[PDB]
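Note sheet for the following structure.
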Amino acid sequence: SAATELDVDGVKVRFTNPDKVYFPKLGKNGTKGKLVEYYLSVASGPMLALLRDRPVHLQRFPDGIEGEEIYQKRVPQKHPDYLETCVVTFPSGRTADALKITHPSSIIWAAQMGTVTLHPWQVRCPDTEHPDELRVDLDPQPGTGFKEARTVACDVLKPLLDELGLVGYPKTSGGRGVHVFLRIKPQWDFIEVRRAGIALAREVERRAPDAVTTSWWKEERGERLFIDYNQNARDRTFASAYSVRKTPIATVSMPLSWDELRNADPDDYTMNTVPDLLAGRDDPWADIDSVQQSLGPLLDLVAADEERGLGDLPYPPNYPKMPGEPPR
DNA sequence: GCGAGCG
DNA sequence: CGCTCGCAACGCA
DNA sequence: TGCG
Ligand SMILES: O=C1C=CN([C@@H]2O[C@H](COP(=O)(O)OP(=O)(O)OP(=O)(O)O)C[C@H]2O)C(O)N1
Ligand SMILES: [Mg+2]
Ligand SMILES: [Mn+2]
Ligand SMILES: [Mn+2]
């Protein structure tokens with residue numbers, strides 16, 4: 001049929017192909033229209049607050065998740081008037097205009113473009129040199145899974161954050177692991193925030209060394225949860241809160257309370273189930289913006305590691321370097 | 001999914 | 001016109 | 001010249 005128009009909180013968004021299948025395993029429950037309806041359910045409320053003012057990359061499947069994948073950082077030169085952008089700087093020093101999430105219409109436009117997963121930077125525009133978010137990525141290695149991740153998050157990481165006077169917010173990744181966010185004052189750069197995250201990861205590890213590893217080299221990790229400290233680098237992003245994932249059942253990265261995480265199963269949260277699960281339930285991340293935390297406690301961990309003779313760790317193998325940057 | 005470049 | 005082609009920043013095997 |  002011809003295209004239709006969605007009125008998204010006052011902004012008109014062109015919408016096509018509602019019945020195109022994106023998730024074959026789900027049949028009629030895996031159409032592009034189902035995906036747009038899910039995003040309409042979350043983009044005005046809890047998802048928008050967590051994405052607000054952030055530049056994002058888009059992981060697009062215009063022909064569904066078994067077709068071509070388009071990972072897109074730059075915004076197309078020609079695009080609707082209602083989309084806003086902001087300037088990000090990549091590890092090489094190149095800059096680009098990235099889509100900035102300012103209104104539910106930009107999430108719905110992304111969905112119309114086939115975006116399954118949104119990937120926000122850890123900064124807010126326009127101060128895109130200073131993260132306001134430290135990310136902890138609990139990544140089960142072969143032989144481990146979500147049970148290990150939720151156990152380590154609840155029993156090791158959360159009590160450590162309590163001891164440090166820090167508050168963190170957990171979500172399922174929608175894969176096998178767990179993400180934990182700390183809102184921080186935007187007072188430190190990517191290098192400093194990443195060092196803080198390395199010191200946090202090393203402290204989690206030394207509290208549960210049989211369950212946790214920070215080893216960059218895979219042959220040393222074993223059947224343990226890896227804390228991927230490099231996710232705090234520049235141009236390293238995360239699937240956003242409330243993003244659908246490229247899994248056969250369209251799982252969703254789901255914010256939880258710490259109490260819920262203890263017994264959670266990530267397959268419970270999909271683009272088909274999440275809206276009904278939010279109804280009547282307090283947003284567990286309602287307070288994330290209420291306290292702009294200092295990195296101070298984690299930078300103390302950094303200095304203590306330096307006294308142990310432990311400094312920086314390798315960046316990812318593909319990681320660029322800026323002409324003036326320090327040892328990668 | 002869509003615009004730019006081609007023939 | 002219809003049709004194909006980018007859409008990732010990057011170091012490496 | 002691809003891999004991911
Ligand atoms: O080259 C890349 C490739 C992925 N990136 C981002 O990082 C995450 C990678 O997530 P990952 O930990 O590898 O796996 P998950 O999707 O989080 O599921 P999991 O819990 O099973 O690990 C996805 C993107 O937002 C990135 O920033 N740069
Ligand atoms: Mg917007
Ligand atoms: Mn992960
Ligand atoms: Mn990871």
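Quick note on labels: first sequence line is chain A, next is B, and so on, each numbered from 1.
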Within less than 4.0 Å of OP1 or OP2 of B:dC2, is there a side-chain N or O belonging to A:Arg14?
yes

Taking C:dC10, C:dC7, B:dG3 as options, the one with an atom nearest any side-chain atom of A:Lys78 is B:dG3

key: Modelled atom types, side-chain donor and acceptor of A:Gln112 and A:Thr16, under 3.5 Å   = yes

note: A:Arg74, atom CZ; B:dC2, atom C1'; distance rounded to Å ~ 18 Å

Is the A:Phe90 ring parallel, tilted or perpendicular to the A:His57 ring (thresholds 30°, 60°)? tilted

Here the distance between atom P of C:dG11 and atom CZ of A:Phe90, to the nearest Å, is 14 Å

Return yes when atom CG of A:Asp7 has more than 12 non-hydrogen atoms of other residues, nucleotides or ligands closer than 6.0 Å, and no otherwise. yes

Rounded to whole Å, CD1 of A:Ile108 lies from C1' of B:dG1 at a distance of 16 Å

(Q) Under 4.0 Å, heavy atoms only, any strand: does A:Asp63 hit a base, just the sugar-phosphate, or nothing? (A) nothing

Of the candidates C:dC10, C:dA8, B:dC2, the side chain of A:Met113 sits closest to B:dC2

Separation of C:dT4 atom P from A:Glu68 atom CD, nearest Å, is 13 Å

Compare side-chain N and O positions of A:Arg94 against OP1 and OP2 of C:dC10 and report whether any pair is under 4.0 Å apart.
yes

Practice problem: May I ask you to verify if any side-chain N or O of A:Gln112 is less than 4.0 angstrom from the OP1 or OP2 atom of B:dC2? | Solution: yes

note: A:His79, atom NE2; B:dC2, atom P; distance rounded to Å ~ 15 Å

Item checked: A:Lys73, NZ: over 12 other non-hydrogen atoms inside 6.0 angstrom -> yes

*Inter-nucleotide P distance (C:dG6, D:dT1), Å rounded*: 15 Å

Notebook entry, point to check: Would you say D:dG4 has OP1 or OP2 under 4.0 Å from some side-chain N or O of A:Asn318?
Noted result: no

From CG of A:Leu35 across to P of B:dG1 the rounded distance in Å is 11 Å

Checking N1-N3 plus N6-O4 or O6-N4 for Watson-Crick, or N1-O2 and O6-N3 for wobble, each under 3.5 Å, the partner of C:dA8 is none

>> Taking only side-chain N and O atoms of A:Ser92, does any of them lie within less than 4.0 angstrom of OP1 or OP2 on C:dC10?
In response: yes

Check for me whether A:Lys171 meets the cation-pi criterion with A:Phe238, that is, NZ or CZ under 6.0 Å from the six-membered ring centre and within 45 degrees of the ring axis. no

From CG of A:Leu99 across to P of B:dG1 the rounded distance in Å is 17 Å

The nucleotide from C:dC10, B:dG1, B:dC2 with an atom nearest the side chain of A:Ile70 is B:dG1

When rounded to the nearest Å, what value does the distance between P atoms of B:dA4 and C:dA8 take? 15 Å

- Message: Do A:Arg135 and A:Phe181 form a cation-pi contact, if we require the NZ or CZ to be under 6.0 Å from the six-membered ring centre and within 45 degrees of the ring's axis?
- Response: yes

(Q) Over all strands shown, is A:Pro317 touching base, sugar-phosphate only, or nothing at heavy-atom distances under 4.0 angstrom? (A) sugar-phosphate

Looking only at C:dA9, B:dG1, C:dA8, the nucleotide nearest the A:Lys32 side chain is B:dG1

For this session: Looking at every strand, decide which applies to A:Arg236 at a 4.0 Å heavy-atom threshold: base, sugar-phosphate, or nothing.
Result: nothing

In whole angstroms, the gap separating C1' of D:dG4 from CD of A:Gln59 amounts to 13 Å

